[PDB]
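Here the structure comes first, spelled out in structure tokens, and everything after it is commentary.
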Amino acid sequence: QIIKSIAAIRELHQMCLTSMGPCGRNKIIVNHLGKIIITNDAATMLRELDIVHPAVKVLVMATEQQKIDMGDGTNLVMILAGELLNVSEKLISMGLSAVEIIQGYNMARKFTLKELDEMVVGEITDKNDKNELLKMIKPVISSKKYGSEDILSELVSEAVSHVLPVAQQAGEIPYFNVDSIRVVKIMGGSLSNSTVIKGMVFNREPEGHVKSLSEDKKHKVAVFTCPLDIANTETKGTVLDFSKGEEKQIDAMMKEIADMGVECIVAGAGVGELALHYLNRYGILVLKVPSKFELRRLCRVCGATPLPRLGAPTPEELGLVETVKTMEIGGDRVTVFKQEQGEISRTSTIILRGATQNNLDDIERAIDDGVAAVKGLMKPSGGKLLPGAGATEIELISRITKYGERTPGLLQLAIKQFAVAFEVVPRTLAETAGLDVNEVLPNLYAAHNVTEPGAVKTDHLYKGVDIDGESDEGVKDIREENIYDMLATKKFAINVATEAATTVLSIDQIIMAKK
Amino acid sequence: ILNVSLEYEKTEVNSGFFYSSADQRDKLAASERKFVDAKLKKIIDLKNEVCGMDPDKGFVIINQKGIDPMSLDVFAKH
Amino acid sequence: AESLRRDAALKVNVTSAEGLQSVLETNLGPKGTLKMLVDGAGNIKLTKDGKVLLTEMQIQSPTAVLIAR
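Residue numbers (the deposited numbering), protein chains in the order written: chain Q, 27 to 266, 275 to 549; chain Z, 235 to 312; chain z, 10 to 78.
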């Protein structure tokens with residue numbers, strides 16, 4: 027029965043093997059609403075797929091740990107946890123109980139986590155410079171839409187630097203926020219036409235004769251939750275003089291707002307027809323926000339506060355914005371909301387353009403996974419790094435096999451198989467790149483295993499898995515392209531991968547029903 | 235332990251809010267808010283009465299019932 | 010390419026032995042039972058000798074072959 031539980035995961039295992047890596051491939055999954063959705067991230071695909079096997083749901087819940095608490099490793103956790111079950115079949119055939127198999131991984135996990143502190147050579151100074159952020163952000167944006175990582179690097183690094191406030195010698199208070207960056211997409215244009223703007227861009231029409239305000243700083247903006255209508259009574263006031279009453283009352287309510295200097299009225303609900311006529315003569319910009327989730331993030335930008343009532347423009351609830359204009363994004367006229375210097379805001383927006391609608395979905399989701407790695411830049415090992423692209427996975431094998439003969443007892447069988455399970459990462463990178471399996475594997479071993487007349491290690495331990503398709507032959511230093519795996523992502527992925535395979539190996543029996 | 239409700243309150247007798255303009259509504263609405271504001275002044279006096287300015291001291295309100303948005307700024311200053 | 014093994018024999022060998030055991034179990038001792046064996050000869054013969062019982066019956070089970078020897 028333990029073999030059948032692995033075969034059920036093996037059906038979805040090969041799908042994730044072709045995901046991770048810059049040469050990875052994407053799978054089409056039709057949503058239940060009749061819309062084709064395709065993406066690289068496995069955490070999104072596993073939610074849309076129907077999985078009736080409870081053993082597979084263990085890796086699904088373990089994948090959410092990579093998506094929520096971290097910004098990378100969703101494709102890595104499925105490959106590592108899937109291989110631990112394949113290498114465990116050799117111990118099951120020999121008659122070894124699942125206890126020593128799980129106990130062997132726990133002893134090997136502490137040996138691996140201890141060596142990860144020595145795998146860090148360089149450390150990020152957390153300067154938050156535009157050129158310095160390109161080192162951490164580039165590998166996270168990579169492995170999706172290969173070839174666009176150079177242009178998208180400048181768009182993400184500029185938006186993150188705007189969210190981070192200016193401070194020094196304080197690590198207690200958090201700064202970056204994930205929801206503070208909202209990405210917009212409009213069909214048309216190209217990738218080189220994208221830019222970075224500070225604010226929240228609105229794609230809705232101005233709805234009125236006023237397209238944009240002036241260039242004067244500190245525009246008064248009022249956010250009204252109640253829809254625009256004739257003034258009613260809080261107590262009862264049921265309507266069962276109606277047409278002429280709405281003309282005089284609404285004109286009187288809009289007059290008191292314009293007298294205080296408010297040039298913009300934000301109505302989260304629907305706007306009446308008679309309200310648009312009076313706002314055109316007073317020179318007040320019409321803005322509607324049907325999404326209530328954006329109103330919470332808007333209060334931190336301009337400073338306005340939502341009012342459940344109507345007709346009471348309290349000056350304490352009024353915000354200030356320097357610049358409100360209307361620009362053409364993707365071929366359509368849209369009102370942009372931004373600022374320049376004063377009233378520092380933590381909300382930024384990355385504008386994207388392109389002809390293909392499906393390609394804009396992955397780039398938008400790549401930014402969300404890209405900015406999520408900024409959260410991992412904090413005190414808990416945010417500056418430490420390790421070489422990726424198959425460089426670390428091969429080097430750790432030599433250290434694990436060294437501890438196999440060092441630790442006596444039955445654990446020698448589990449430690450040796452623990453290092454072999456890491457050979458799947460370089461193998462998938464060679465298969466998804468079109469390279470032969472018999473080529474990349476022996477070249478990586480000879481590069482990381484040499485005879486050096488000395489105690490200090492020399493030459494290069496940074497040799498990774500090259501994409502090839504260019505240059506001449508062999509691999510090259512991954513440091514040339516400034517691509518690496520963050521220690522917070524790699525170290526946390528090992529603990530999730532071991533606990534994911536532990537649950538499957540610990541279950542020797544299941545009871546289901548017809549569904 | 236605070237058992238009284240700090241949420242919005244109404245007049246003990248049945249009445250209504252009659253206002254010609256929005257400025258007159260806040261005057262009638264503040265009349266019912268005086269019942270809550272009168273109780274908030276008696277609570278803050280207990281803090282400064284016993285170890286008000288003394289260091290390493292604090293005053294915490296449980297208040298099982300709800301809280302109106304106006305009392306959030308009052309309790310934040312103290 | 011798996012190391013899993015099977016029994017498939019001893020359980021059948023003991024079961025086939027228990028069947029032959031019960032045949033000669035009631036035939037042992039002065040208080041035992043006397044059974045009639047006639048194969049193809051129309052000749053009625055009753056004996057409790059264990060060797061004669063196995064020679065007058067053809068048993069396809071391989072377990073009783075070694076017992077017959």
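Quick reminder that beta carbons are idealized off the backbone N, C-alpha and C, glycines included.
* **Contacts around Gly424 (chain Q), its chain only, beta-carbon distance under 7 Å, and the 5 residues preceding and following it disregarded** => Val459, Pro460, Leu463, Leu478, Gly498 and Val499
Exposed unless 16 or more other CB atoms sit within 10 angstroms - verdict on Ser255 (chain Z)
exposed
* On the premise that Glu233 (chain Q) lies in contact with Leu310 (chain Q), defined as a C-beta separation below 8 Å, what is that separation, rounded to the nearest angstrom? -> 7 Å
Measure the CB-CB distance between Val227 (chain Q) and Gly353 (chain Q) and report whether it falls below 7 Å.
no
Practice problem: Determine, using beta-carbon pairs with one atom in the stretch 122-129 of chain Q and one in the stretch 408-418 of chain Q, whether at least three such pairs fall under 8 Å. | Solution: no
Note to self: Could you pull the DSSP bridge partners for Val249 (chain Q) from this structure?
What the structure shows: Q:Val300 and Q:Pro340
For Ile54 (chain Q), three-class secondary structure by DSSP
strand
Check your understanding: Mapping DSSP to helix, strand and coil, what is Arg78 (chain z)?
Key -> coil
(request) Tell me, please, whether the CB atom of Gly300 (chain Z) is closer than 7 Å to any CB atom in chain Q? (result) no
Do you know how far the Cα of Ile295 (chain Z) is from the Cα of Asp271 (chain Z)? 16 Å
> Which residues mark the beginning and the end of the alpha helix (DSSP H) in which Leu62 (chain z) is found?
Replying inline: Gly59 to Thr64
ask   = Can you tell which of Q:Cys42, Q:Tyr131 and Q:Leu110 has its C-alpha closest to the C-alpha of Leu445 (chain Q)?
value = Q:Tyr131
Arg387 (chain Q) beta carbon less than 7 Å from that of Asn219 (chain Q)
yes
Query raised in the report: According to a CB-to-CB cut-off of less than 8 Å, which residues of the stretch 101-135 of chain Q neighbour chain z?
Result: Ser119, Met120 and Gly121
*Assess, as a yes-or-no matter, whether the stretch 91-107 of chain Q is touched by the stretch 37-53 of chain Q under the definition of 3 or more beta carbon pairs within less than 8 Å.*
yes
May I have the straight-line CA-CA distance separating residue 350 (chain Z) from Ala196 (chain Q), to the nearest angstrom? Outside the shown range of chain Z (235 to 312) lies residue 350 (chain Z), about which nothing can therefore be said.
- Message: Once the 5 residues before and after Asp470 (chain Q) are set aside, which same chain residues still bring their CB inside 8 Å of it?
- Response: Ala464
* Keeping to the same chain, check which residues put their C-beta closer than 6 Å to that of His39 (chain Q); ignore five residues upstream and five downstream. => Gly108
Does the beta carbon of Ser12 (chain z) come closer than 7 Å to any beta carbon on chain Q? yes
Which residues, in chain order, does the stretch 254-269 of chain Z contribute to contact with chain Q at a C-beta distance below 9 Å?
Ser255, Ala256, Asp257, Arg259, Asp260 and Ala263
- Count the other CB atoms, across all protein chains shown, that sit within 10 Å of the CB of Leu266 (chain Q); report buried if there are 16 or more and exposed otherwise. exposed
Subject >> Per-residue contacts from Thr264 (chain Q) into chain Z (C-beta, under 8 Å) >> reply: Under the 8 Å cutoff, chain Z gives no residues; its nearest Cβ is about 13 Å from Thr264 (chain Q).
Could you give the residue range of the alpha helix (DSSP H) that holds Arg135 (chain Q)? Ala124 to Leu142
Problem - Neighbourhood of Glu184 (chain Q) by C-beta, 6 Å cutoff - its chain only, sequence neighbours within 5 removed - result: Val222
Check your understanding: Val238 (chain Z): which of Z:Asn282, Z:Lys291, Z:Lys276 and Z:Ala310 sits nearest, CA to CA?
Key -> Z:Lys276
Cα-Cα separation between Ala264 (chain Z) and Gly345 (chain Q), rounded to whole angstroms: 17 Å
Flag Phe251 (chain Z) as yes if its beta-carbon sits less than 7 Å from any beta-carbon of chain Q, otherwise no.
yes
Considering Cα atoms alone, identify which of Q:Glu398, Q:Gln27 and Q:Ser206 is closest to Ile118 (chain Q). Q:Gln27
Self-check item: Delimiting residues of the alpha helix (DSSP H) encompassing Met41 (chain Q)
Solution: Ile28 to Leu43
- Query: For the alpha helix (DSSP H) that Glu473 (chain Q) lies in, which residues bound it at each end?
  - Reply: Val471 to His482
Checklist entry - Hey, is the stretch 36-49 of chain z in contact with the stretch 61-76 of chain z, meaning 3+ C-beta pairs nearer than 8 Å? => result yes
Discussion item. Which same chain residues end up closer than 8 Å to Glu149 (chain Q) when comparing Cβ atoms and leaving out the 5 residues on each side of it in sequence?
Written reply: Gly417, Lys418 and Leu419
Open item on the list: Could you tell me the alpha carbon to alpha carbon distance between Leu262 (chain Z) and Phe251 (chain Z), rounded to whole angstroms?
Closed with: 7 Å
Look at the Cβ atom of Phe293 (chain Z), then the Cβ atom of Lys311 (chain Z), and state whether they are nearer than 7 Å. no
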